[PDB]
Amino acid sequence: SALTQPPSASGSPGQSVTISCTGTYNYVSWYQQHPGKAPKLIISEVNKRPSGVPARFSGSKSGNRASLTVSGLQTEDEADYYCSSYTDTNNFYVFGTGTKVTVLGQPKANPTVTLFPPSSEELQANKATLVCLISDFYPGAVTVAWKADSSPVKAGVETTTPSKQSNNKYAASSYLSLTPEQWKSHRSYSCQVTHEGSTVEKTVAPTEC
Amino acid sequence: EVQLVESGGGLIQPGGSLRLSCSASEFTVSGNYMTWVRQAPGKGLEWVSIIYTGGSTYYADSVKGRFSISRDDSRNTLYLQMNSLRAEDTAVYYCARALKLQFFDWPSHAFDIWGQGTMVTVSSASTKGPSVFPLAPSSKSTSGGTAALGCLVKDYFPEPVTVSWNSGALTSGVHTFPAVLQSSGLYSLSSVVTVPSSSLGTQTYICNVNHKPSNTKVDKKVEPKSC
């Protein structure tokens with residue numbers, strides 16, 4: 001199986017938040033990871049906690065869906081959370097895609113998306129890079145999908161994790177590296193950003209300006 | 001206190017070999033199940049391999065036939081031999097203890113003791129100066145009277161790169177993104193400044209890219225590259 005997690009979850013300090021782990025016998029362990037640090041076991045089985053983990057964290061499971069709940073958020077709870085489990089496949093273990101839990105400290109902000117086509121100078125260097133810039137959003141969690149015409153593209157995609165701007169909102173960048181032939185062999189390319197359930201999509205074409 | 005400390009990572013060429021070691025303190029590697037977990041930069045956790053108490057080993061499909069986990073009880077250390085390394089293998093490798101299921105001699109998916117990790121970077125690159133390309137403003141990067149323009153700093157090694165605009169005279173509205181590690185082993189970042197759209201005709205915008213490792217400084221004027 002594979003474990004699916006929502007990309008984002010948020011709550012104000014003192015509020016409660018619950019994140020879900022869905023998998024395609026069946027039970028789930030949870031891990032917490034702060035930036036630059038190793039993962040930390042928060043809860044295993046349904047609701048057993050290691051020593052030192054606060055009682056704020058609790059877990060449950062309903063059929064296919066395992067859940068992790070945090071009951072009074074503290075700003076130190078802002079981190080990425082992964083679930084892990086056994087697998088029906090070859091591998092012994094699978095981890096979830098990951099959920100960033102944001103402890104809200106400012107109002108939510110919708111992202112701004114700017115998509116740059118390859119410059120003619122880079123094409124002269126036999127390269128072509130699409131630059132998708134996502135800015136001025138909060139919480140700092142986005143998902144980026146690329147399209148060639150209407151076909152999704154996964155290869156050649158690199159995306160940075162959101163970091164703060166000068167005005168304390170988040171920014172992120174995404175790149176699609178193509179050959180100059182790949183760039184000119186399609187009608188258009190699109191960068192699609194998903195933030196808090198909403199989607200912004202920008203499109204560029206080889207015949208610009 | 002119980003500790004795990006990984007070691008052995010660094011720069012290695014594709015196809016080369018590298019061995020990571022996992023030394024334990026205040027608890028024994030012998031009677032525990034030990035795992036390896038890696039994480040590519042800016043990505044999620046991926047399980048790598050596990051060794052049982054009596055010696056059974058299992059590997060992920062993305063690593064089968066190329067990696068090998070070992071146990072040395074004399075030094076109380078855990079090993080991970082990595083051969084035929086690819087650019088998919090560059091990651092922070094973590095060493096973790098897997099709690100055993102109570103009723104059976106089977107490891108659970110609960111890893112309670114972790115190391116700090118060691119960075120492995122698979123790349124053929126050495127010192128390489130960056131290539132700067134303009135991100136010119138156009139009708140699609142302008143909205144509400146403000147214009148976005150930037151510089152694409154591409155294919156340099158190693159970190160870091162510092163970017164300024166107009167020799168530091170332009171700091172407001174500037175954001176330089178973190179670098180990304182490409183499959184070719186080289187780094188790339190972008191830096192953008194948000195300016196008034198009416199200034200695009202008169203005001204000059206120049207990004208100043210500095211790469212001290214290669215002793216390279218590149219000045220690039222960004223203008224509306226009209227056709």
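So you know, we letter chains A, B, ... as the sequences are listed, proteins then strands, and number each from 1.
Only the side chain of B/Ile50 comes within less than 4.5 Å of a heavy atom in chain A; its backbone stays farther off. Contacts of A/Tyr82 with chain B are made by side-chain atoms alone, with heavy-atom separations under 4.5 Å and no backbone atom involved. Using a 4.5 Å cut-off between heavy atoms, A/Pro39 contacts chain B through both its backbone and its side chain. Both the backbone and the side chain of A/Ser84 come within less than 4.5 Å of a heavy atom of chain B. In this structure, the portion of A/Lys37 lying under 4.5 Å from any heavy atom of chain B is its backbone and not its side chain. Of the two parts of B/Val37, only the side chain, counted from C-beta on, holds a non-hydrogen atom closer than 4.5 Å to a non-hydrogen atom of chain A. Contacts of A/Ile42 with chain B are absent, with no heavy-atom separation under 4.5 Å from either backbone or side chain. Looking at B/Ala136, the atoms closer than 4.5 Å to chain A (heavy atoms on both sides) all sit in the backbone: N, CA, C or O. With a threshold of 4.5 angstrom between heavy atoms, A/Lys48 does not approach chain B through any atom at all. When heavy atoms are compared at a cutoff of 4.5 Å, A/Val94 does not approach chain B at all. The part of A/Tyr175 that comes within reach of chain B is its side chain, from C-beta onward, which places non-hydrogen atoms under 4.5 angstrom from that chain. Contact annotation for A/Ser177: only side-chain heavy atoms (C-beta onward) come within less than 4.5 Å of a heavy atom of chain B. Of the two parts of A/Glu208, only the backbone, made up of N, CA, C and O, holds a non-hydrogen atom closer than 4.5 Å to a non-hydrogen atom of chain B. Residue A/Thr114 touches chain B through its side chain alone, counting heavy-atom pairs closer than 4.5 Å. Contacts between A/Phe116 and chain B at a heavy-atom distance below 4.5 Å involve the side chain alone, from C-beta outward. For B/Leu4, no part lies near chain A; criterion is any non-hydrogen pair under 4.5 Å.
Remark: the backbone N or O of B/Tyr79 is paired with a side-chain donor or acceptor of B/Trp36 at under 3.5 angstrom. In terms of modelled atom types and a separation under 3.5 Å, the side chain of B/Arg71 and the main chain of B/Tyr52 share a donor-acceptor contact. Using modelled atom types, one side-chain atom of A/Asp149 and one backbone atom of A/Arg187 make a donor-acceptor pair closer than 3.5 Å. A donor-acceptor pair under 3.5 Å is formed between the side chain of B/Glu6 and the backbone N or O of B/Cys95. When atom types are taken as modelled, the side chain of A/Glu181 and the backbone of A/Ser185 share no donor-acceptor pair closer than 3.5 angstrom. Put simply, the side chain of A/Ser174 never gets that close to the backbone of A/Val144: no donor and acceptor are under 3.5 Å apart. Between the B/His211 side chain and the B/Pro158 main chain, a donor and an acceptor come within less than 3.5 Å of each other. At least one donor-acceptor pair closer than 3.5 Å links the side chain of B/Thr35 to the backbone N or O of B/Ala96. A donor-acceptor pair under 3.5 Å is absent between the side-chain atoms of B/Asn32 and the main chain of B/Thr53, judged by distance alone.
Scanning all heavy atoms of the two residues, the minimum distance from A/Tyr27 to A/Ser85 falls at O-OG, 2.9 Å. Across A/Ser166 and B/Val174, no two heavy atoms sit closer than the pair OG-O, 4.1 Å. In terms of heavy atoms, B/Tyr59 sits closest to B/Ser49 at CD2-CB, 3.5 Å. Minimum heavy-atom separation, B/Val120 to B/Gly9: CG2-CA, 4.1 Å. Residues A/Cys21 and A/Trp30 share a closest heavy-atom pair of CB-CH2, 3.5 Å.
Contacts of residues 143-152 of chain B with chain A at a heavy-atom distance below 4.5 Å involve B/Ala148, B/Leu149, B/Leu152, listed in sequence order. Proximity to chain B among residues 125-138 of chain A is limited to A/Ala125, A/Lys127, A/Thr129, A/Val131, A/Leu133, A/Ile134, judged by heavy-atom separations below 4.5 angstrom. For a heavy-atom cut-off of 4.5 Å, chain A lies close to B/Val180, B/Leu181, B/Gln182, B/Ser183, B/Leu189, B/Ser190, B/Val192 in residues 180-199 of chain B. Interface residues of residues 216-227 of chain B toward chain A, defined by a heavy-atom distance below 4.5 Å and sorted by number: B/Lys220, B/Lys225, B/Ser226, B/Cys227.
The distance from atom OH of A/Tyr31 to atom CG of B/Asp112, rounded to the nearest 0.5 Å, is 8.0 Å.
Using a 4.5 Å heavy-atom threshold, the side chains of B/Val5 and B/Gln116 count as touching. Looking only at side-chain heavy atoms (C-beta outward), B/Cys207 and B/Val132 come within less than 4.5 Å of each other. Side-chain atoms of A/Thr199 and A/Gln192, non-hydrogen and from C-beta on, do get closer than 4.5 Å to each other. At least one side-chain heavy atom of A/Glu196 sits under 4.5 Å from a side-chain heavy atom of A/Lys108.
A salt bridge links B/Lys64 to B/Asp61: one of the charged nitrogens lies within less than 4.0 Å of a carboxylate oxygen.
Ranked by heavy-atom pairs under 4.5 Å with chain B, the first of A/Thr87, A/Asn90, A/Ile43 is A/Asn90. The candidate from A/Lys202, A/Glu158, A/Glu122 with the greatest count of non-hydrogen atom pairs under 4.5 Å with chain B is A/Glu122. Ranked by heavy-atom pairs under 4.5 Å with chain B, the list A/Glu45, A/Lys40, A/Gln165 is led by A/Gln165. Between chain B and the residues A/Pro50, A/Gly156, A/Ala171, A/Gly98, the most heavy-atom pairs under 4.5 angstrom are made by A/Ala171.
By the 30° and 60° cut-offs, the orientation of the rings of A/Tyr86 relative to A/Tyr93 is parallel. Under the 30°/60° scheme for interplanar angles, the aromatic rings of A/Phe92 and B/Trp47 are found to be tilted. Classified by interplanar angle (parallel below 30°, tilted 30° to 60°, perpendicular above 60°), the ring pair A/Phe57/A/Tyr81 is tilted. Aromatic ring pairs are classed by plane angle as parallel below 30°, tilted from 30° to 60° and perpendicular above 60°; the pair A/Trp183 and A/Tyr189 is parallel.
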